[PDB]
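Text of data_18.cif, listed as mmCIF, C-alpha atoms:
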```
data_my_file
loop_
_atom_site.label_atom_id
_atom_site.label_comp_id
_atom_site.auth_asym_id
_atom_site.auth_seq_id
_atom_site.Cartn_x
_atom_site.Cartn_y
_atom_site.Cartn_z
CA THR N 1 28.25 20.53 8.75
CA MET N 2 28.44 18.03 5.87
CA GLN N 3 26.33 18.09 2.70
CA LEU N 4 24.70 15.05 1.10
CA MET N 5 25.56 13.68 -2.34
CA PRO N 6 24.19 10.79 -4.41
CA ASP N 7 25.26 7.14 -4.07
CA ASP N 8 25.47 4.70 -7.01
CA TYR N 9 22.78 2.20 -8.04
CA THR N 10 17.85 -0.49 -7.21
CA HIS N 11 14.36 0.86 -6.42
CA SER N 12 16.12 2.64 -3.57
CA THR N 13 17.65 6.10 -3.78
CA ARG N 14 20.47 6.93 -1.39
CA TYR N 15 22.22 10.10 -0.37
CA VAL N 16 25.44 9.94 1.65
CA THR N 17 27.81 12.39 3.34
CA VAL N 18 30.94 10.24 2.89
CA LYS N 19 31.79 7.90 0.01
CA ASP N 20 34.89 6.17 1.40
CA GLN N 21 36.33 4.48 4.47
CA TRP N 22 39.45 5.70 6.28
CA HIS N 23 42.13 4.80 8.84
CA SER N 24 45.80 5.43 9.75
CA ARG N 25 48.83 3.78 11.41
CA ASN N 26 52.21 2.99 17.78
CA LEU N 27 49.73 1.21 20.07
CA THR N 28 46.39 -0.19 18.85
CA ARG N 29 44.35 2.76 17.58
CA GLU N 30 40.66 2.77 16.68
CA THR N 31 39.39 5.28 14.11
CA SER N 32 35.70 6.09 13.78
CA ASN N 33 34.16 6.64 10.35
CA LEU N 34 30.94 8.66 10.61
CA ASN N 35 28.43 8.54 7.73
CA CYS N 36 25.04 10.25 7.55
CA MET N 37 22.88 8.64 4.88
CA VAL N 38 19.38 9.42 3.59
CA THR N 39 17.77 6.61 1.62
CA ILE N 40 14.40 6.52 -0.17
CA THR N 41 12.50 3.24 -0.55
CA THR N 42 9.11 2.48 -2.03
CA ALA N 43 6.77 1.05 0.58
CA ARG N 44 3.65 -0.90 -0.29
CA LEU U 1 -40.26 -27.32 -39.09
CA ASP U 2 -37.71 -24.57 -39.62
CA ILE U 3 -35.09 -24.98 -36.93
CA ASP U 4 -32.10 -22.67 -37.22
CA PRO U 5 -28.83 -24.46 -36.38
CA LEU U 6 -26.82 -23.37 -33.35
CA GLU U 7 -23.99 -20.94 -34.06
CA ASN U 8 -20.45 -21.85 -33.12
CA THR U 9 -19.10 -19.49 -30.49
CA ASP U 10 -15.41 -19.03 -29.74
CA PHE U 11 -14.89 -18.89 -25.98
CA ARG U 12 -12.03 -16.51 -25.27
CA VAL U 13 -9.34 -17.01 -22.66
CA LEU U 14 -10.48 -14.60 -19.96
CA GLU U 15 -7.79 -12.82 -17.95
CA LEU U 16 -9.17 -11.13 -14.84
CA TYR U 17 -5.96 -9.89 -13.20
CA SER U 18 -2.82 -9.20 -15.30
CA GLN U 19 0.45 -11.00 -14.52
CA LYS U 20 2.21 -7.66 -14.00
CA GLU U 21 -0.76 -6.86 -11.74
CA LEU U 22 -0.51 -10.12 -9.78
CA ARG U 23 2.91 -9.77 -8.17
CA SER U 24 2.10 -6.07 -8.03
CA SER U 25 -0.29 -7.08 -5.23
CA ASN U 26 2.11 -8.31 -2.54
CA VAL U 27 3.32 -6.08 0.30
CA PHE U 28 6.43 -8.24 0.54
CA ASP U 29 8.20 -8.89 -2.76
CA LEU U 30 10.98 -11.44 -2.18
CA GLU U 31 12.65 -10.62 -5.50
CA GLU U 32 13.25 -7.04 -4.41
CA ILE U 33 14.15 -7.97 -0.80
CA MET U 34 16.87 -10.43 -1.76
CA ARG U 35 18.03 -7.78 -4.22
CA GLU U 36 17.79 -5.12 -1.52
CA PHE U 37 19.94 -7.42 0.61
CA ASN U 38 22.83 -7.87 -1.83
CA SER U 39 22.64 -4.13 -2.52
CA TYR U 40 23.32 -3.60 1.18
CA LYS U 41 25.89 -6.40 1.13
CA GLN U 42 28.01 -4.19 -1.15
CA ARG U 43 28.56 -1.14 1.06
CA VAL U 44 32.31 -0.94 1.73
CA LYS U 45 34.79 1.23 -0.19
CA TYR U 46 38.27 2.26 0.93
#
```
Could you show the structure in this file as structure tokens?
Amino acid sequence: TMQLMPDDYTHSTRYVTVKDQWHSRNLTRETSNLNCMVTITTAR
Amino acid sequence: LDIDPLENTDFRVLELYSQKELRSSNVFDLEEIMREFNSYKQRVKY
């Protein structure tokens, strides 16, 4: 499980579970960065 | 003949809907969409 924490800001309010991007170094490798993000927008 | 003269009246500038109330009336507000766009356009940190 991964807990949500606040982003950094507009009228929107976001909560994210990961604040960075990541990778690492023989053959071509493909890392997957998974982010769960709850955002709150005003709707008219 | 005693005719009273006609009084000067000062017509006011009548404001029905406020300016802050005018753009307040649109479902789509371009200002905050374009802004919402560049806010999205800055989502990459390493």
Give me the residues of chain N that have any atom at most 6 Å from an atom of chain U; for each, the nearest atom pair and the distance in Å, rounded to one decimal. Use only C-alpha atoms, sort by chain and number, and format it as CSV.
```
residue,atom,partner,partner_atom,distance
N:20,CA,U:46,CA,5.2
N:21,CA,U:46,CA,4.6
N:44,CA,U:27,CA,5.2
```
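Here the PyMOL selection byres ((chain N and resi 39) around 12) matches the residues residues 4, 5, 6, 7, 8, 9, 10, 11, 12, 13, 14, 15, 16, 17, 36, 37, 38, 40, 41 and 42 of chain N; 40 of chain U.
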Pairwise distance for CA of residue 43 in chain N and CA of residue 21 in chain U, rounded to one decimal in Å: 16.5 Å
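The space between CA of residue 1 in chain N and CA of residue 19 in chain N spans 15.8 Å.
CA of residue 10 in chain U sits 29.8 Å away from CA of residue 23 in chain U.
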Student task, range 12-46 of chain U output with N, CA, C and O atoms as a PDB file, in the first residue's frame:
```pdb
ATOM      1  N   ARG U  12     -27.758  57.999 -13.397  1.00  0.00           N
ATOM      2  CA  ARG U  12     -26.591  57.244 -12.971  1.00  0.00           C
ATOM      3  C   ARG U  12     -26.226  56.199 -14.014  1.00  0.00           C
ATOM      4  O   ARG U  12     -27.072  55.777 -14.812  1.00  0.00           O
ATOM      5  N   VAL U  13     -24.955  55.813 -14.024  1.00  0.00           N
ATOM      6  CA  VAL U  13     -24.509  54.671 -14.807  1.00  0.00           C
ATOM      7  C   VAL U  13     -24.991  53.394 -14.133  1.00  0.00           C
ATOM      8  O   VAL U  13     -24.546  53.055 -13.039  1.00  0.00           O
ATOM      9  N   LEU U  14     -25.923  52.701 -14.777  1.00  0.00           N
ATOM     10  CA  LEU U  14     -26.523  51.512 -14.180  1.00  0.00           C
ATOM     11  C   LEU U  14     -25.777  50.236 -14.561  1.00  0.00           C
ATOM     12  O   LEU U  14     -25.627  49.916 -15.743  1.00  0.00           O
ATOM     13  N   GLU U  15     -25.316  49.510 -13.547  1.00  0.00           N
ATOM     14  CA  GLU U  15     -24.603  48.261 -13.762  1.00  0.00           C
ATOM     15  C   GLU U  15     -25.451  47.071 -13.333  1.00  0.00           C
ATOM     16  O   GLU U  15     -25.590  46.803 -12.142  1.00  0.00           O
ATOM     17  N   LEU U  16     -26.013  46.352 -14.297  1.00  0.00           N
ATOM     18  CA  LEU U  16     -26.845  45.205 -13.962  1.00  0.00           C
ATOM     19  C   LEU U  16     -25.988  44.065 -13.404  1.00  0.00           C
ATOM     20  O   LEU U  16     -26.099  43.725 -12.225  1.00  0.00           O
ATOM     21  N   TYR U  17     -25.131  43.487 -14.240  1.00  0.00           N
ATOM     22  CA  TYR U  17     -24.264  42.397 -13.811  1.00  0.00           C
ATOM     23  C   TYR U  17     -22.813  42.871 -13.618  1.00  0.00           C
ATOM     24  O   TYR U  17     -22.249  43.532 -14.488  1.00  0.00           O
ATOM     25  N   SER U  18     -22.218  42.537 -12.476  1.00  0.00           N
ATOM     26  CA  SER U  18     -20.851  42.951 -12.149  1.00  0.00           C
ATOM     27  C   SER U  18     -19.852  42.327 -13.105  1.00  0.00           C
ATOM     28  O   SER U  18     -20.128  41.284 -13.681  1.00  0.00           O
ATOM     29  N   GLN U  19     -18.691  42.957 -13.269  1.00  0.00           N
ATOM     30  CA  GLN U  19     -17.638  42.400 -14.121  1.00  0.00           C
ATOM     31  C   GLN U  19     -17.174  41.057 -13.571  1.00  0.00           C
ATOM     32  O   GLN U  19     -17.097  40.064 -14.297  1.00  0.00           O
ATOM     33  N   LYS U  20     -16.897  41.031 -12.271  1.00  0.00           N
ATOM     34  CA  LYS U  20     -16.480  39.811 -11.585  1.00  0.00           C
ATOM     35  C   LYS U  20     -17.572  38.746 -11.618  1.00  0.00           C
ATOM     36  O   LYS U  20     -17.326  37.582 -11.323  1.00  0.00           O
ATOM     37  N   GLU U  21     -18.774  39.170 -11.988  1.00  0.00           N
ATOM     38  CA  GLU U  21     -19.951  38.311 -12.068  1.00  0.00           C
ATOM     39  C   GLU U  21     -20.211  37.873 -13.512  1.00  0.00           C
ATOM     40  O   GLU U  21     -20.980  36.950 -13.772  1.00  0.00           O
ATOM     41  N   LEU U  22     -19.537  38.539 -14.444  1.00  0.00           N
ATOM     42  CA  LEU U  22     -19.733  38.319 -15.877  1.00  0.00           C
ATOM     43  C   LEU U  22     -18.951  37.132 -16.414  1.00  0.00           C
ATOM     44  O   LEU U  22     -19.488  36.313 -17.162  1.00  0.00           O
ATOM     45  N   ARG U  23     -17.669  37.061 -16.062  1.00  0.00           N
ATOM     46  CA  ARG U  23     -16.833  35.942 -16.474  1.00  0.00           C
ATOM     47  C   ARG U  23     -17.098  34.775 -15.538  1.00  0.00           C
ATOM     48  O   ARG U  23     -16.826  33.615 -15.863  1.00  0.00           O
ATOM     49  N   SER U  24     -17.676  35.106 -14.387  1.00  0.00           N
ATOM     50  CA  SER U  24     -18.122  34.132 -13.400  1.00  0.00           C
ATOM     51  C   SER U  24     -19.227  33.236 -13.959  1.00  0.00           C
ATOM     52  O   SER U  24     -19.592  32.230 -13.351  1.00  0.00           O
ATOM     53  N   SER U  25     -19.735  33.600 -15.134  1.00  0.00           N
ATOM     54  CA  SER U  25     -20.920  32.976 -15.709  1.00  0.00           C
ATOM     55  C   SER U  25     -20.643  31.930 -16.783  1.00  0.00           C
ATOM     56  O   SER U  25     -21.576  31.313 -17.296  1.00  0.00           O
ATOM     57  N   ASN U  26     -19.379  31.738 -17.140  1.00  0.00           N
ATOM     58  CA  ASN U  26     -19.050  30.792 -18.203  1.00  0.00           C
ATOM     59  C   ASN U  26     -18.597  29.433 -17.673  1.00  0.00           C
ATOM     60  O   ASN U  26     -17.733  29.359 -16.791  1.00  0.00           O
ATOM     61  N   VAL U  27     -19.181  28.364 -18.213  1.00  0.00           N
ATOM     62  CA  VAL U  27     -18.796  27.011 -17.834  1.00  0.00           C
ATOM     63  C   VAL U  27     -17.345  26.766 -18.216  1.00  0.00           C
ATOM     64  O   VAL U  27     -16.585  26.168 -17.454  1.00  0.00           O
ATOM     65  N   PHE U  28     -16.959  27.236 -19.397  1.00  0.00           N
ATOM     66  CA  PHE U  28     -15.571  27.123 -19.825  1.00  0.00           C
ATOM     67  C   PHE U  28     -14.857  28.465 -19.709  1.00  0.00           C
ATOM     68  O   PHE U  28     -15.217  29.435 -20.377  1.00  0.00           O
ATOM     69  N   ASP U  29     -13.853  28.511 -18.838  1.00  0.00           N
ATOM     70  CA  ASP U  29     -13.042  29.708 -18.647  1.00  0.00           C
ATOM     71  C   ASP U  29     -11.643  29.501 -19.219  1.00  0.00           C
ATOM     72  O   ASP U  29     -10.801  28.882 -18.573  1.00  0.00           O
ATOM     73  N   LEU U  30     -11.407  30.028 -20.419  1.00  0.00           N
ATOM     74  CA  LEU U  30     -10.154  29.826 -21.149  1.00  0.00           C
ATOM     75  C   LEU U  30      -8.919  30.173 -20.327  1.00  0.00           C
ATOM     76  O   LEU U  30      -7.913  29.459 -20.373  1.00  0.00           O
ATOM     77  N   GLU U  31      -9.001  31.270 -19.578  1.00  0.00           N
ATOM     78  CA  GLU U  31      -7.906  31.692 -18.703  1.00  0.00           C
ATOM     79  C   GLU U  31      -7.438  30.550 -17.806  1.00  0.00           C
ATOM     80  O   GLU U  31      -6.241  30.299 -17.679  1.00  0.00           O
ATOM     81  N   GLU U  32      -8.387  29.846 -17.201  1.00  0.00           N
ATOM     82  CA  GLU U  32      -8.033  28.804 -16.256  1.00  0.00           C
ATOM     83  C   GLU U  32      -7.849  27.447 -16.925  1.00  0.00           C
ATOM     84  O   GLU U  32      -7.441  26.506 -16.262  1.00  0.00           O
ATOM     85  N   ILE U  33      -8.133  27.341 -18.223  1.00  0.00           N
ATOM     86  CA  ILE U  33      -7.850  26.103 -18.962  1.00  0.00           C
ATOM     87  C   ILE U  33      -6.420  26.112 -19.474  1.00  0.00           C
ATOM     88  O   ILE U  33      -5.688  25.131 -19.330  1.00  0.00           O
ATOM     89  N   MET U  34      -6.047  27.228 -20.092  1.00  0.00           N
ATOM     90  CA  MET U  34      -4.690  27.446 -20.572  1.00  0.00           C
ATOM     91  C   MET U  34      -3.707  27.319 -19.413  1.00  0.00           C
ATOM     92  O   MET U  34      -2.632  26.731 -19.550  1.00  0.00           O
ATOM     93  N   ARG U  35      -4.104  27.881 -18.276  1.00  0.00           N
ATOM     94  CA  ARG U  35      -3.354  27.800 -17.033  1.00  0.00           C
ATOM     95  C   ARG U  35      -3.300  26.356 -16.563  1.00  0.00           C
ATOM     96  O   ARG U  35      -2.242  25.851 -16.194  1.00  0.00           O
ATOM     97  N   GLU U  36      -4.449  25.690 -16.594  1.00  0.00           N
ATOM     98  CA  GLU U  36      -4.532  24.284 -16.210  1.00  0.00           C
ATOM     99  C   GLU U  36      -3.681  23.393 -17.107  1.00  0.00           C
ATOM    100  O   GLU U  36      -3.275  22.296 -16.718  1.00  0.00           O
ATOM    101  N   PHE U  37      -3.430  23.882 -18.313  1.00  0.00           N
ATOM    102  CA  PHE U  37      -2.638  23.178 -19.305  1.00  0.00           C
ATOM    103  C   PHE U  37      -1.152  23.257 -18.992  1.00  0.00           C
ATOM    104  O   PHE U  37      -0.464  22.244 -18.984  1.00  0.00           O
ATOM    105  N   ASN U  38      -0.657  24.461 -18.729  1.00  0.00           N
ATOM    106  CA  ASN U  38       0.760  24.653 -18.422  1.00  0.00           C
ATOM    107  C   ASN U  38       1.109  24.089 -17.043  1.00  0.00           C
ATOM    108  O   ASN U  38       2.270  23.778 -16.755  1.00  0.00           O
ATOM    109  N   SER U  39       0.091  23.959 -16.197  1.00  0.00           N
ATOM    110  CA  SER U  39       0.251  23.343 -14.886  1.00  0.00           C
ATOM    111  C   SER U  39       0.505  21.849 -15.051  1.00  0.00           C
ATOM    112  O   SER U  39       1.297  21.248 -14.325  1.00  0.00           O
ATOM    113  N   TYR U  40      -0.185  21.263 -16.023  1.00  0.00           N
ATOM    114  CA  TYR U  40       0.016  19.872 -16.408  1.00  0.00           C
ATOM    115  C   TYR U  40       1.340  19.719 -17.139  1.00  0.00           C
ATOM    116  O   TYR U  40       2.028  18.710 -17.002  1.00  0.00           O
ATOM    117  N   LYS U  41       1.684  20.731 -17.926  1.00  0.00           N
ATOM    118  CA  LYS U  41       2.869  20.688 -18.775  1.00  0.00           C
ATOM    119  C   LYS U  41       4.156  20.694 -17.946  1.00  0.00           C
ATOM    120  O   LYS U  41       5.251  20.497 -18.476  1.00  0.00           O
ATOM    121  N   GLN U  42       4.012  20.909 -16.641  1.00  0.00           N
ATOM    122  CA  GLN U  42       5.139  20.875 -15.721  1.00  0.00           C
ATOM    123  C   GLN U  42       5.041  19.732 -14.718  1.00  0.00           C
ATOM    124  O   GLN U  42       5.160  19.953 -13.515  1.00  0.00           O
ATOM    125  N   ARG U  43       4.825  18.514 -15.203  1.00  0.00           N
ATOM    126  CA  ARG U  43       4.796  17.362 -14.309  1.00  0.00           C
ATOM    127  C   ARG U  43       5.865  16.331 -14.661  1.00  0.00           C
ATOM    128  O   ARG U  43       5.556  15.245 -15.152  1.00  0.00           O
ATOM    129  N   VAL U  44       7.123  16.686 -14.411  1.00  0.00           N
ATOM    130  CA  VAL U  44       8.236  15.746 -14.524  1.00  0.00           C
ATOM    131  C   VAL U  44       9.404  16.155 -13.627  1.00  0.00           C
ATOM    132  O   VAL U  44      10.046  17.181 -13.851  1.00  0.00           O
ATOM    133  N   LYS U  45       9.666  15.342 -12.609  1.00  0.00           N
ATOM    134  CA  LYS U  45      10.786  15.567 -11.701  1.00  0.00           C
ATOM    135  C   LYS U  45      11.566  14.272 -11.500  1.00  0.00           C
ATOM    136  O   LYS U  45      10.981  13.194 -11.388  1.00  0.00           O
ATOM    137  N   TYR U  46      12.889  14.389 -11.446  1.00  0.00           N
ATOM    138  CA  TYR U  46      13.767  13.225 -11.457  1.00  0.00           C
ATOM    139  C   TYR U  46      14.617  13.112 -10.190  1.00  0.00           C
ATOM    140  O   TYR U  46      14.902  12.008  -9.716  1.00  0.00           O
TER     141      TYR U  46
END
```
